[PDB]
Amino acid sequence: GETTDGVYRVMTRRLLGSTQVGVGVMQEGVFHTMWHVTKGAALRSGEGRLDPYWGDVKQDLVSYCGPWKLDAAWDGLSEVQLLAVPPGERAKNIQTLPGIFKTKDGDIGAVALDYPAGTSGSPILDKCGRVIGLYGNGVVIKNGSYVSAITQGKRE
């Protein structure tokens, strides 16, 4: 149905009323979201249907209609903007400087902003407007707060 580029809410009617389970990015006719939002299930866009193309539970990413298109990366120095699309609330750009997740396989960017689980799949942007990753997969720090990683996929 609607394949226009932009940020989208991922909703469901399987519970009470209409519940937002996550967010996603439409870019180049491909819907990008976090795997834990949809679980690989098909999505609906008006009368049209989005069938999954690629997905990985460890990366926690999933693409619809085609391969992963997002390929920008945080430069390790600049402030980014989380386009937070919260449940029931309007889309809102929050500027922050990301921290670092140090792992046995290298360092990853991390936005220290707390949002409901329904915000998962909200894009993280650079000063150019490019999508450098998605919010929704991170850790719970000592003060109960959430610090999500900047999760980017791979463009073939």
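Residue indices: 1-based, along the sequence shown.
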Of 88-96 and 56-64, which one has the bigger average CA B-factor? 88-96
Top Cα B factor in the deposited entry, candidates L16, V10, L134, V25: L16
Quick check on the deposited entry: does the C-alpha B-factor of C128 sit in the lowest, middle or highest third of its chain? highest
In terms of its chain's C-alpha B-factors, the third that includes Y115 is the highest
Which third, lowest, middle or highest, does the CA B-factor of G121 fall in along this chain? lowest
B-factor third for the C-alpha atom of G48 within its chain: highest
Among the modelled residues of its chain, the C-alpha B-factor of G29 falls in the third labelled lowest
